[PDB]
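What follows is a set of notes on a single structure, which appears directly below.
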There are 2 protein chains.
Amino acid sequence: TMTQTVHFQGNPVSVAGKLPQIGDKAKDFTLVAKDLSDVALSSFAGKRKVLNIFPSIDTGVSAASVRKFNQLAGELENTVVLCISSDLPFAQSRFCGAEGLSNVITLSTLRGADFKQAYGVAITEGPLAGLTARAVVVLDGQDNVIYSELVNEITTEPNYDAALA
Amino acid sequence: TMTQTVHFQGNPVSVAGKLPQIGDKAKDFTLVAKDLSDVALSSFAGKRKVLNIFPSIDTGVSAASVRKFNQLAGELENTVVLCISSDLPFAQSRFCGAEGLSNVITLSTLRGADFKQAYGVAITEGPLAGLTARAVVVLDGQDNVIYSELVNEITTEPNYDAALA
């Protein structure tokens with residue numbers, strides 16, 4: 001079993017598996033949409049993917065990342081932004097409905113919990129155990145990894161400008 | 001494996017296990033609190049428990065039940081109301097913080113997913129799969145079941161007045 005290390009403020013927390021690095025082929029996942037429908041990664045074939053992985057959408061830092069990726073989604077070409085978290089579809093829907101975000105597509109780990117182990121983002125120990133770590137993974141049309149970032153510390157935002165290819 | 005049957009509007013959905021009926025001894029569970037601390041059922045020993053189990057706190061019907069149980073919690077004697085759902089602690093905290101509910105204690109199935117199987121409330125199939133069914137379980141000081149209700153249909157509220165002993 002592979003082990004990664006991130007932190008909250010300054011507290012080492014173990015992450016199961018490893019984030020798919022450059023050149024690797026990302027595993028096909030199936031997650032719950034806003035209308036409780038199972039949406040797979042294979043449905044976005046031919047289109048570029050930006051996977052925004054965060055602990056919870058109700059937290060302060062992660063709420064800013066969804067709003068940021070929503071605004072730059074209109075600037076992107078042939079790209080769909082997929083906000084993935086441990087939140088339920090209802091918690092993700094009430095946020096996007098109140099903030100007026102329509103460009104992003106929310107995905108829930110309610111069904112498809114194996115996503116955490118396949119992408120190496122599952123938090124093993126601590127108070128954040130069971131949640132997903134802060135990560136940004138950029139994919140092409142054929143699910144090949146072009147960009148992948150595992151943010152060393154949870155409180156700081158991932159790099160949005162470097163995610164561009 | 002035992003199988004129970006409830007529905008959404010009029011669509012039969014299978015529930016794994018069975019709700020602990022009258023006379024049975026309820027299993028000890030450990031769930032996540034609002035401050036990300038693991039709180040067990042053994043911590044409320046000597047006190048009477050009212051377990052409010054619902055799919056999601058962001059849904060319309062379940063939001064009314066939490067508000068109802070919060071108002072009658074001040075009327076109850078030696079009783080703690082535990083709102084249990086598949087929601088994250090952050091989604092439960094933002095609701096109670098905005099509505100001004102303080103009498104209820106929110107518990108998350110983020111850690112302690114075995115609660116669903118032990119109490120027989122896990123939804124097996126359909127769009128609501130992975131979530132908890134609508135149930136109200138009343139316990140005494142020694143975790144013995146005094147009242148238990150599995151609401152036949154999700155959209156209708158559980159009986160609050162009959163839950164009193």
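Just so we're on the same page: letters track the sequence lines, and every chain starts at 1. All values below come from the heavy atoms of this structure, side chains included, with hydrogens, waters and symmetry mates left out.
- Tracing side-chain contacts under 4.5 Å through hydrophobic residues (I, L, V, M, F, W, Y), one reaches A:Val104 starting from A:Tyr160; they form part of the same cluster.
- Distance check, rounded to the nearest 0.5 Å: CG of B:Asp87 to CG of A:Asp58 gives 9.5 Å.
- With respect to chain B, the highest number of heavy-atom pairs below 4.5 Å among A:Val32, A:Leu36, A:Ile57 belongs to A:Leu36.
- The choice from B:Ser86, B:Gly130, B:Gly126 that makes the most heavy-atom pairs within less than 4.5 Å of chain A is B:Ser86.
- Under the 3.5 Å distance criterion, the side-chain polar atoms of A:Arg111 are matched with a main-chain donor or acceptor of B:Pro127.
- Heavy atoms closer than 4.5 Å to chain B are found in both the backbone and the side chain of A:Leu131.
- Linking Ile, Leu, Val, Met, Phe, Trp and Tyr residues whenever their side-chain heavy atoms come within less than 4.5 Å places A:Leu72 and A:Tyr147 in a single cluster.
- B:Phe69 and B:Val61 sit in two unconnected hydrophobic clusters of ILVMFWY residues. Membership requires side-chain heavy atoms under 4.5 Å apart, directly or through other members.
- With hydrophobic clusters built from ILVMFWY side chains whose heavy atoms lie under 4.5 angstrom apart, A:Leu101 shares a cluster with A:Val81.
- In terms of heavy-atom proximity, B:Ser56 sits nearest to A:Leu88 at OG-CD1, 3.7 Å.
- With a 4.5 angstrom heavy-atom cutoff, A:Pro89 does not touch chain B via any of its atoms.
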